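Novice: Questions regarding the structure given below will be posed in turn.
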Amino acid sequence: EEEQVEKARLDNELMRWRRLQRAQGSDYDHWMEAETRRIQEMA
Amino acid sequence: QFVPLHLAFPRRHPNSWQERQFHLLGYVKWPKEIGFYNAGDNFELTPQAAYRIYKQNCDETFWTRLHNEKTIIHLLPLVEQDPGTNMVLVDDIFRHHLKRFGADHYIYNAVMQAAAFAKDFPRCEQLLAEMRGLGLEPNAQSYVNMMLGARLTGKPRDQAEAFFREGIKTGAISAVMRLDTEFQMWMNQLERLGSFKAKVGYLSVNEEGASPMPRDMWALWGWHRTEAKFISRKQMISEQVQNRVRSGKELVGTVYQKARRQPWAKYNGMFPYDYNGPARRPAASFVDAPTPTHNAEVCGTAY
Amino acid sequence: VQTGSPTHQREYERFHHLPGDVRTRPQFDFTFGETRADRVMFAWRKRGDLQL
Amino acid sequence: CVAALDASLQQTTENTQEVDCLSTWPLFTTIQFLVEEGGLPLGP
Amino acid sequence: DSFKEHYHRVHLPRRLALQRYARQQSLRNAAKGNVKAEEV
Amino acid sequence: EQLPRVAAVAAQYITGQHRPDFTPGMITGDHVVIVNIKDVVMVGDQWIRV
Amino acid sequence: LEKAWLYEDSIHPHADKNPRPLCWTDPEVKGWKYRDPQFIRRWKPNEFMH
Amino acid sequence: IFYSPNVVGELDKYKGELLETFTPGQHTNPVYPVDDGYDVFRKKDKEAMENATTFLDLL
Amino acid sequence: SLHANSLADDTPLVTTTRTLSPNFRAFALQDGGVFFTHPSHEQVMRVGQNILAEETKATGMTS
Amino acid sequence: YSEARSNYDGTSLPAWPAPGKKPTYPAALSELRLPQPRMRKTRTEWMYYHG
Amino acid sequence: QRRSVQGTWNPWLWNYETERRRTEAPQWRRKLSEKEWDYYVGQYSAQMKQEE
Amino acid sequence: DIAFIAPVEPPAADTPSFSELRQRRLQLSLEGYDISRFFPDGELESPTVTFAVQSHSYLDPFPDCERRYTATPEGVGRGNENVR
Amino acid sequence: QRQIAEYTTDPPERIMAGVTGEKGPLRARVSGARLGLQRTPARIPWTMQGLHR
Amino acid sequence: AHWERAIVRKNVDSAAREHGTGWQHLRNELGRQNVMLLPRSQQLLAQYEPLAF
């Protein structure tokens with residue numbers, strides 16, 4: 001039970017970490033970088 | 001720490017946003033004769049409207065045994081109030097069920113409960129015998145219908161104990177305590193339930209919300225704000241398709257999923273609609289509706 | 001310009017007549033809690049190598 | 001057809017006489033063959 | 001007269017009146033001939 | 001009802017502006033009793049940012 | 001300002017003055033243009049004749 | 001001050017049509033209360049204020 | 001207001017309908033004016049008093 | 001007494017239609033050669049229209 | 001000198017006069033006729049058929 | 001005799017929610033016929049849709065090959081996108 | 001009667017007829033009938049809102 | 001003149017709001033119907049001839 005609770009807590013931490021990195025990497029330079037990379041991928 | 005991330009109180013939505021979101025989700029304000037939102041803000045369909053939609057959609061390809069069961073369920077209180085005329089409607093439903101789907105535990109248990117409310121214990125016995133003859137073994141629902149009919153008609157404690165012991169022997173009802181305590185528990189449950197006329201049971205409470213639109217559209221049923229009691233029709237259809245595609249994961253509740261469900265790490269940020277109000281969408285107009293001929297008359301209660 | 005109290009007119013709305021980034025909501029709000037040493041109340045998004 | 005027969009039986013029972021009426025015996029024989037040899041549930 | 005000072009100066013008699021109205025409900029019981037203290 | 005809207009609606013009846021014989025000198029008005037102020041609602045993020 | 005009677009909860013001692021439930025409409029209510037709903041047209045015998 | 005008008009006839013308010021007859025008893029335009037029930041947040045006034053018919057002045 | 005009703009030339013902008021609106025009768029004049037017939041001040045005040053009494057007869061007349 | 005005068009000769013169009021017939025109404029939208037935007041006549045335009 | 005022939009405005013003149021509607025609106029608590037029953041049940045069944 | 005018919009839906013189905021439903025189902029549809037040109041509302045698969053007439057006219061043959069020779073929808077359904 | 005039951009009943013329904021979950025009956029059995037989607041409680045948690053390919 | 005006309009306009013607007021309309025619609029419809037009543041006369045009627053207003 002403790003291992004399951006700890007694993008769920010780690011998964012929630014990973015979720016919130018991805019959410020916070022979506023804003024950390026949102027610095028206009030890296031954001032434009034990812035945007036033009038996605039544009040070249042779809043094109 | 002003292003600065004709150006989320007806030008449940010005070011509220012974050014005025015009165016106009018209630019109507020805006022109600023019209024945005026895709027719901028329609030039906031008249032009271034069709035249905036309304038009860039005290040628990042749950043949508044409730046009038047038995048008359050249930051029988052009407054039954055008569056109109058009994059021939060379509062999407063009708064189902066479960067739909068007939070729900071129609072009998074909606075008719076149950078009217079059957080309890082007037083067992084003379086509403087039993088005719090129940091019998092018509094059973095006739096159509098035999099025409100389309102045939103013998104089924106669902107329809108048989110539904111008509112057994114209908115007879116139990118209508119105070120027809122000979123009819124309940126006949127239905128049980130018909131199930132046994134057709135080969136549909138009596139289920140736990142059938143034995144509980146037996147017990148309810150016994151308690152309602154006035155059959156004695158030993159008469160109900162006979163059916164409970166028969167259910168135990170058959171195995172449809174699983175008991176984890178002594179038989180006496182199990183029967184006591186079932187009888188206390190049925191006594192707290194009561195009937196639509198016995199002034200003690202829950203069914204005696206006829207108070208209703210009587211509101212065409214729920215009071216709080218952002219009411220939560222679970223834990224987080226994303227588990228809203230009222231959602232859009234696209235998301236509702238998503239839930240409906242998930243209930244059938246992933247019916248296996250519903251069987252087990254594991255502590256992993258339990259601790260994952262905690263929304264302490266879920267994002268709670270103000271979307272643009274949290275500032276601009278719910279997006280304005282047109283409501284379903286009813287210009288094609290005929291003029292109300294009895295607009296001056298007052299509509300009565302459901303049951 | 002100042003045409004109201006901070007309850008209604010924010011401090012970053014004084015330069016609302018000037019064109020550019022001031023016509024948007026600032027990201028950082030240092031006006032609450034402890035006051036800064038240099039008395040900075042708002043800071044906009046870091047555009048490239050410049051920040052307001 | 002059996003629903004029509006049930007409606008007719010209800011009509012003829014809603015009115016000694018109900019036993020000696022000549023109409024009750026053909027319907028009786030029909031439903032007797034239906035439930036004895038046929039196996040109608042008779043529930044509805 | 002500051003904002004808070006004026007607010008309290010105009011609201012304190014109203015607060016006392018509200019407390020009096022609250023105790024009027026308690027006095028309702030002793031008025032009917034059944035003096036009963038408040039239960040918590 | 002939102003705080004600024006309810007405040008404006010209350011003040012329009014407090015100051016007596018809704019009366020056709022309203023005179024700036026004569027301060028006459030109506031007594032407005034505001035109820036359920038604890039359940040007043042402002043749109044999101046305002047309770048924290050204002 | 002002294003003519004406003006604020007009350008946190010719903011209870012209030014001003015029951016003798018009999019306050020009328022003031023009704024007010026906010027200036028926000030506005031119906032944005034929506035798509036004209038399509039419905040069947042009801043004809044006429046004289047129209048079909050001529 | 002004296003006034004002596006030349007009336008043409010009874011005129012309808014809610015409809016621009018000029019009535020050809022005049023009846024001093026019947027209301028030229030019946031007016032009904034506003035209470036639908038569809039609106040849950042409709043600010044309810046007092047019952048007698050919402051439901052209060054009027055007299056007939058011409059009679 | 002509403003744009004579809006505002007653009008209409010037959011529907012004026014002001015839309016007020018009250019209890020005494022049917023009592024207010026309209027007639028046409030030859031010069032183009034409108035002659036209105038309304039209840040008197042005593043009659044309007046009497047109607048108001050009757051409404052007040054009909055409202056207060058249930059809960060008793062307070063101070 | 002009084003003078004009801006709109007033009008030089010005191011004549012005007014029939015202001016009241018026939019009993020039962022539909023009345024005529026002026027133009028509410030401003031005299032604009034473009035259909036958009038639809039704008040209600042202001043009071044000064046109403047004065048200019050009435051003369 | 002000021003004077004009124006019809007009467008001086010007083011706060012209790014148009015106080016009890018409330019708003020109304022042009023014509024009769026369909027109530028929510030009303031006895032539905034057979035035609036209305038058929039119409040509304042048909043609309044409900046149609047939207048349910050599309051959802052299904 | 002020419003009749004301009006068009007697909008119509010009940011008002012309970014003409015809500016924008018079902019409109020978005022149909023648009024999504026058509027953009028996800030795998031059928032060959034072009035959705036943008038053929039049946040952009042889905043009047044062949046929807047059960048509640050009914051083909052109703054909106055305008056009525058007649059065409060008379062010319063005296064050379066065998067009194068109006070041109071037909072155009074009028075009144076209800078004039079210049080609409082669904083009258084197809 | 002038996003032949004009509006076997007001819008109308010499908011493998012999924014005849015499999016899920018006798019199944020019961022931990023919260024009660026199966027959600028599929030409970031929501032198999034929907035007299036308008038406004039009557040559906042929508043009892044799916046936020047961890048199960050997602051749907052795989 | 002600005003303050004005086006603002007006062008008279010506010011009084012007329014309050015008198016119209018007590019009936020159910022506003023200064024905007026009242027003024028526009030007066031201009032339309034070609035009544036030609038100055039705000040001073042509108043205020044005088046609102047204060048001393050409520051039936052006429």
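Residue numbering restarts at 1 in every chain; chains get A, B, ... in the order shown in the structure tokens, and ligands count up from 1 in that same order.
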Identify, on the basis of only C-alpha atoms, every residue whose closest approach to segment 7-19 of chain C does not exceed 10 Å; exclude the query and any residue fewer than 2 positions from it along the same chain; express the result as a list in words.
Specialist: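 So, after excluding close chain neighbours, the residues are residues 1, 2, 3, 4, 5, 21, 22, 23, 24, 25, 26, 31, 41, 42 and 43 of chain C; 4, 49 and 50 of chain F.
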Novice: With N, CA, C and O atoms retained, could you export that selection as a JSON list (two decimals), in the first residue's frame?
Specialist:
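Below you can see selection_38.json, which holds the result:
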```json
[["chain", "number", "residue", "atom", "x", "y", "z"],
["C", 1, "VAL", "N", -1.13, 58.82, -16.76],
["C", 1, "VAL", "CA", -2.27, 59.49, -16.15],
["C", 1, "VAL", "C", -2.76, 58.66, -14.97],
["C", 1, "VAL", "O", -2.59, 57.44, -14.92],
["C", 2, "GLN", "N", -3.38, 59.34, -14.00],
["C", 2, "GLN", "CA", -3.99, 58.70, -12.85],
["C", 2, "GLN", "C", -5.41, 59.23, -12.72],
["C", 2, "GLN", "O", -5.60, 60.42, -12.45],
["C", 3, "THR", "N", -6.40, 58.36, -12.90],
["C", 3, "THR", "CA", -7.80, 58.76, -12.88],
["C", 3, "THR", "C", -8.63, 57.90, -11.94],
["C", 3, "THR", "O", -9.83, 57.73, -12.15],
["C", 4, "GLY", "N", -8.01, 57.33, -10.92],
["C", 4, "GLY", "CA", -8.75, 56.51, -9.98],
["C", 4, "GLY", "C", -7.83, 55.89, -8.95],
["C", 4, "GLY", "O", -6.61, 56.05, -8.99],
["C", 5, "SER", "N", -8.46, 55.19, -8.01],
["C", 5, "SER", "CA", -7.74, 54.50, -6.96],
["C", 5, "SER", "C", -7.20, 53.16, -7.46],
["C", 5, "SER", "O", -7.72, 52.60, -8.43],
["C", 21, "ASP", "N", 3.64, 47.14, -24.98],
["C", 21, "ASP", "CA", 3.38, 46.06, -24.03],
["C", 21, "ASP", "C", 2.58, 46.51, -22.82],
["C", 21, "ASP", "O", 2.00, 45.67, -22.13],
["C", 22, "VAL", "N", 2.53, 47.82, -22.53],
["C", 22, "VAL", "CA", 1.82, 48.28, -21.35],
["C", 22, "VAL", "C", 0.33, 48.00, -21.46],
["C", 22, "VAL", "O", -0.36, 47.82, -20.45],
["C", 23, "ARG", "N", -0.19, 47.94, -22.68],
["C", 23, "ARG", "CA", -1.62, 47.65, -22.86],
["C", 23, "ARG", "C", -1.98, 46.21, -22.54],
["C", 23, "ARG", "O", -3.13, 45.82, -22.80],
["C", 24, "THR", "N", -1.07, 45.40, -22.01],
["C", 24, "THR", "CA", -1.34, 44.03, -21.61],
["C", 24, "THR", "C", -1.13, 43.88, -20.11],
["C", 24, "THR", "O", -0.60, 44.77, -19.44],
["C", 25, "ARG", "N", -1.55, 42.74, -19.59],
["C", 25, "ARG", "CA", -1.40, 42.47, -18.17],
["C", 25, "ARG", "C", 0.03, 42.04, -17.86],
["C", 25, "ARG", "O", 0.56, 41.16, -18.54],
["C", 26, "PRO", "N", 0.68, 42.64, -16.87],
["C", 26, "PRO", "CA", 2.02, 42.19, -16.49],
["C", 26, "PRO", "C", 1.98, 40.78, -15.90],
["C", 26, "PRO", "O", 0.96, 40.31, -15.41],
["C", 31, "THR", "N", 3.77, 43.91, -5.93],
["C", 31, "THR", "CA", 3.12, 44.92, -5.11],
["C", 31, "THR", "C", 2.58, 44.36, -3.80],
["C", 31, "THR", "O", 2.37, 45.13, -2.85],
["C", 41, "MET", "N", 7.08, 47.51, -9.16],
["C", 41, "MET", "CA", 5.76, 46.95, -8.92],
["C", 41, "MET", "C", 5.34, 45.90, -9.94],
["C", 41, "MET", "O", 4.53, 45.03, -9.61],
["C", 42, "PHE", "N", 5.86, 45.96, -11.16],
["C", 42, "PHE", "CA", 5.47, 45.01, -12.19],
["C", 42, "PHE", "C", 6.66, 44.70, -13.08],
["C", 42, "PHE", "O", 7.60, 45.49, -13.19],
["C", 43, "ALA", "N", 6.59, 43.54, -13.73],
["C", 43, "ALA", "CA", 7.62, 43.12, -14.67],
["C", 43, "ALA", "C", 6.96, 42.30, -15.76],
["C", 43, "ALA", "O", 6.27, 41.31, -15.47],
["F", 4, "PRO", "N", -19.13, 45.22, -7.66],
["F", 4, "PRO", "CA", -19.30, 46.59, -8.17],
["F", 4, "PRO", "C", -20.70, 46.86, -8.69],
["F", 4, "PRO", "O", -21.23, 47.96, -8.49],
["F", 49, "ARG", "N", -6.23, 39.26, -6.99],
["F", 49, "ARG", "CA", -5.45, 40.27, -7.70],
["F", 49, "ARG", "C", -5.86, 41.70, -7.36],
["F", 49, "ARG", "O", -5.00, 42.59, -7.40],
["F", 50, "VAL", "N", -7.12, 41.95, -7.03],
["F", 50, "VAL", "CA", -7.58, 43.31, -6.78],
["F", 50, "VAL", "C", -7.00, 43.82, -5.47],
["F", 50, "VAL", "O", -7.25, 43.23, -4.41]]
```
Novice: List every residue of chain J that DSSP, applied to the backbone of this structure, assigns to helix (DSSP H, G or I), and report them as a ChimeraX atom specification.
Specialist: /J:43-50
Novice: Please return, as JSON, numbers by chain, all residues of chain K lying within 6 Å of chain L when only C-alpha atoms are considered.
Specialist: {"K": [43, 46, 47]}
Novice: Could you check which of F:6, F:19, F:47, F:14 is closest to residue 35 of chain F, using only C-alpha atoms?
Specialist: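 Of F:6, F:19, F:47, F:14, the one nearest residue 35 of chain F is F:6, counting only C-alpha atoms.
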Novice: If you count only C-alpha atoms, which residues fall within 12 Å of residue 39 of chain D, apart from same-chain ones fewer than 5 positions away, as a ChimeraX atom specification?
Specialist: /B:130,133-134 /D:31-34 /M:1-2
Novice: Write out as a CSV table (one decimal) with C-alpha atoms, in the first residue's frame which residues come within 7 Å of segment 31-41 of chain M when counting only C-alpha atoms, dropping same-chain ones fewer than 3 positions away.
Specialist:
```
chain,number,residue,atom,x,y,z
B,43,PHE,CA,-33.0,15.4,-13.9
B,66,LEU,CA,-33.2,-1.9,-20.3
B,67,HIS,CA,-35.3,0.9,-21.8
B,229,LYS,CA,-22.1,17.0,-12.2
K,48,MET,CA,-32.3,11.1,-28.1
M,27,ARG,CA,-21.8,1.0,-15.4
M,28,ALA,CA,-22.6,-0.5,-18.8
```
Novice: Residues within 10 Å of residue 3 of chain M, please, as number ranges by chain. Count only C-alpha atoms; anything in the same chain fewer than 3 positions from it doesn't count.
Specialist: B: 101-103; M: 6-9
Novice: Excluding residue 21 of chain G and its own-chain neighbours fewer than 5 positions away, which residues fall within 12 Å of it when counting only C-alpha atoms? Please give them as a ChimeraX atom specification.
Specialist: /F:32-35 /H:42-47,49-50 /K:16
Novice: Quick one: distance from atom CA of residue 138 of chain B to atom CA of residue 80 of chain B in Å, one decimal?
Specialist: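 Going from atom CA of residue 138 of chain B over to atom CA of residue 80 of chain B, I get 23.5 Å.
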Novice: Any idea what the distance is between atom CA of residue 7 of chain E and atom CA of residue 21 of chain E?
Specialist: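 Between atom CA of residue 7 of chain E and atom CA of residue 21 of chain E the gap works out to 20.8 Å.
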Novice: If we count only C-alpha atoms, what is near residue 15 of chain A at a cut-off of 12 Å, once residues fewer than 6 positions away on the same chain are taken out, given as a PyMOL selection string?
Specialist: (chain A and resi 8-9+21-22) or (chain B and resi 260+263-267)
Novice: Could you check the closest approach to chain N for each of G:29, G:1, G:23, G:11 and tell me which residue wins, using only C-alpha atoms?
Specialist: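 For chain N, the nearest of the given residues is G:23.
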Novice: Quick one: which residues from chain K are at most 7 Å off chain B, using only C-alpha atoms, as a list in words?
Specialist: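 Within 7 Å of chain B on chain K, we get residues 26, 27, 28, 29, 30, 31, 32, 33, 35, 36, 39, 41 and 45 of chain K.
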Novice: Please save N, CA and C atoms of the selected residues as a PDB file, in the first residue's frame.
Specialist:
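Wrote it out as selection.pdb, contents follow:
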```
ATOM      1  N   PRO K  26     -46.123  31.317 -22.415  1.00  0.00           N
ATOM      2  CA  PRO K  26     -46.392  29.940 -21.971  1.00  0.00           C
ATOM      3  C   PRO K  26     -45.795  29.692 -20.594  1.00  0.00           C
ATOM      4  N   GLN K  27     -46.645  29.295 -19.652  1.00  0.00           N
ATOM      5  CA  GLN K  27     -46.189  29.000 -18.304  1.00  0.00           C
ATOM      6  C   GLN K  27     -45.330  27.737 -18.296  1.00  0.00           C
ATOM      7  N   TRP K  28     -44.620  27.538 -17.188  1.00  0.00           N
ATOM      8  CA  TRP K  28     -43.867  26.309 -16.989  1.00  0.00           C
ATOM      9  C   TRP K  28     -44.686  25.245 -16.274  1.00  0.00           C
ATOM     10  N   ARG K  29     -45.579  25.653 -15.371  1.00  0.00           N
ATOM     11  CA  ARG K  29     -46.491  24.732 -14.695  1.00  0.00           C
ATOM     12  C   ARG K  29     -47.863  24.870 -15.349  1.00  0.00           C
ATOM     13  N   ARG K  30     -48.043  24.156 -16.457  1.00  0.00           N
ATOM     14  CA  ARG K  30     -49.285  24.210 -17.211  1.00  0.00           C
ATOM     15  C   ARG K  30     -49.671  22.808 -17.655  1.00  0.00           C
ATOM     16  N   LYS K  31     -50.969  22.623 -17.884  1.00  0.00           N
ATOM     17  CA  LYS K  31     -51.502  21.340 -18.326  1.00  0.00           C
ATOM     18  C   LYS K  31     -51.286  21.213 -19.829  1.00  0.00           C
ATOM     19  N   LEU K  32     -50.390  20.317 -20.229  1.00  0.00           N
ATOM     20  CA  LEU K  32     -50.065  20.164 -21.641  1.00  0.00           C
ATOM     21  C   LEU K  32     -51.193  19.450 -22.373  1.00  0.00           C
ATOM     22  N   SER K  33     -51.645  20.043 -23.475  1.00  0.00           N
ATOM     23  CA  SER K  33     -52.645  19.404 -24.315  1.00  0.00           C
ATOM     24  C   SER K  33     -52.014  18.242 -25.078  1.00  0.00           C
ATOM     25  N   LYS K  35     -51.646  17.932 -28.325  1.00  0.00           N
ATOM     26  CA  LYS K  35     -50.769  18.404 -29.390  1.00  0.00           C
ATOM     27  C   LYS K  35     -49.403  18.797 -28.838  1.00  0.00           C
ATOM     28  N   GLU K  36     -49.386  19.539 -27.727  1.00  0.00           N
ATOM     29  CA  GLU K  36     -48.121  19.888 -27.091  1.00  0.00           C
ATOM     30  C   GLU K  36     -47.389  18.646 -26.603  1.00  0.00           C
ATOM     31  N   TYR K  39     -45.797  17.048 -29.617  1.00  0.00           N
ATOM     32  CA  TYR K  39     -44.694  17.852 -30.136  1.00  0.00           C
ATOM     33  C   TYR K  39     -43.447  17.719 -29.266  1.00  0.00           C
ATOM     34  N   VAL K  41     -42.695  15.489 -26.898  1.00  0.00           N
ATOM     35  CA  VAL K  41     -42.183  14.126 -26.839  1.00  0.00           C
ATOM     36  C   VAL K  41     -41.461  13.772 -28.133  1.00  0.00           C
ATOM     37  N   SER K  45     -37.595  12.688 -28.309  1.00  0.00           N
ATOM     38  CA  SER K  45     -37.232  11.428 -28.946  1.00  0.00           C
ATOM     39  C   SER K  45     -36.268  11.651 -30.100  1.00  0.00           C
TER      40      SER K  45
END
```
Novice: Counting only C-alpha atoms, collect the residues of chain G whose closest atom lies at most 12 Å from chain H, and write them out as number ranges by chain.
Specialist: G: 18-26
Novice: Pull out every residue of chain J that has at least one atom within 7 Å of chain N, counting only C-alpha atoms, and report them as a PyMOL selection string.
Specialist: chain J and resi 42-43+46-47+50
Novice: Write out the residues from the selection above, keeping N, CA, C and O atoms, as a PDB file, in the first residue's frame.
Specialist:
```
ATOM      1  N   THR J  42     -30.276  58.643 -35.240  1.00  0.00           N
ATOM      2  CA  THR J  42     -30.145  59.455 -34.043  1.00  0.00           C
ATOM      3  C   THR J  42     -31.200  60.561 -34.040  1.00  0.00           C
ATOM      4  O   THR J  42     -31.910  60.784 -35.023  1.00  0.00           O
ATOM      5  N   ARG J  43     -31.297  61.259 -32.906  1.00  0.00           N
ATOM      6  CA  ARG J  43     -32.327  62.283 -32.762  1.00  0.00           C
ATOM      7  C   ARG J  43     -32.111  63.445 -33.723  1.00  0.00           C
ATOM      8  O   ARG J  43     -33.084  64.047 -34.192  1.00  0.00           O
ATOM      9  N   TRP J  46     -33.433  62.376 -36.918  1.00  0.00           N
ATOM     10  CA  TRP J  46     -34.891  62.414 -36.847  1.00  0.00           C
ATOM     11  C   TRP J  46     -35.417  63.831 -37.031  1.00  0.00           C
ATOM     12  O   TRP J  46     -36.432  64.042 -37.703  1.00  0.00           O
ATOM     13  N   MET J  47     -34.740  64.817 -36.438  1.00  0.00           N
ATOM     14  CA  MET J  47     -35.131  66.209 -36.634  1.00  0.00           C
ATOM     15  C   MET J  47     -34.977  66.619 -38.095  1.00  0.00           C
ATOM     16  O   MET J  47     -35.867  67.257 -38.672  1.00  0.00           O
ATOM     17  N   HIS J  50     -37.866  65.065 -40.003  1.00  0.00           N
ATOM     18  CA  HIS J  50     -39.141  65.729 -39.765  1.00  0.00           C
ATOM     19  C   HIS J  50     -39.170  67.162 -40.276  1.00  0.00           C
ATOM     20  O   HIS J  50     -40.257  67.738 -40.381  1.00  0.00           O
TER      21      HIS J  50
END
```
Novice: Could you give me, as a tab-separated table, a per-residue list for chain G showing, wherever an atom lies at most 8 Å from an atom of chain L, the closest pair of atoms and their distance in Å to one decimal, using only C-alpha atoms and sorting by chain then residue number from low to high?
Specialist:
```
residue	atom	partner	partner_atom	distance
G:37	CA	L:14	CA	7.1
G:38	CA	L:8	CA	6.4
G:39	CA	L:8	CA	6.3
G:40	CA	L:52	CA	6.4
G:41	CA	L:54	CA	6.3
```
Novice: What does the file look like for those residues with N, CA and C atoms, as a PDB file, in the first residue's frame?
Specialist:
```pdb
ATOM      1  N   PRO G  37     -32.836  29.664 -37.085  1.00  0.00           N
ATOM      2  CA  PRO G  37     -33.216  28.246 -37.090  1.00  0.00           C
ATOM      3  C   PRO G  37     -34.061  27.900 -38.304  1.00  0.00           C
ATOM      4  N   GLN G  38     -33.784  26.735 -38.882  1.00  0.00           N
ATOM      5  CA  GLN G  38     -34.489  26.272 -40.068  1.00  0.00           C
ATOM      6  C   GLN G  38     -35.677  25.411 -39.660  1.00  0.00           C
ATOM      7  N   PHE G  39     -36.834  25.687 -40.256  1.00  0.00           N
ATOM      8  CA  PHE G  39     -38.053  24.949 -39.968  1.00  0.00           C
ATOM      9  C   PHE G  39     -38.858  24.794 -41.250  1.00  0.00           C
ATOM     10  N   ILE G  40     -39.823  23.884 -41.213  1.00  0.00           N
ATOM     11  CA  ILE G  40     -40.628  23.577 -42.390  1.00  0.00           C
ATOM     12  C   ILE G  40     -41.659  24.675 -42.601  1.00  0.00           C
ATOM     13  N   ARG G  41     -41.916  25.003 -43.864  1.00  0.00           N
ATOM     14  CA  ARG G  41     -42.886  26.028 -44.215  1.00  0.00           C
ATOM     15  C   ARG G  41     -44.274  25.419 -44.368  1.00  0.00           C
TER      16      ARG G  41
END
```
Novice: Please compute the atom CA of residue 21 of chain M-atom CA of residue 250 of chain B distance, one decimal, in Å.
Specialist: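 Going from atom CA of residue 21 of chain M over to atom CA of residue 250 of chain B covers 6.6 Å.
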Novice: Which is closer to chain I than all the others in N:12, N:50, N:4, N:37, using only C-alpha atoms?
Specialist: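 Of N:12, N:50, N:4, N:37, the one nearest chain I, counting only C-alpha atoms, is N:50.
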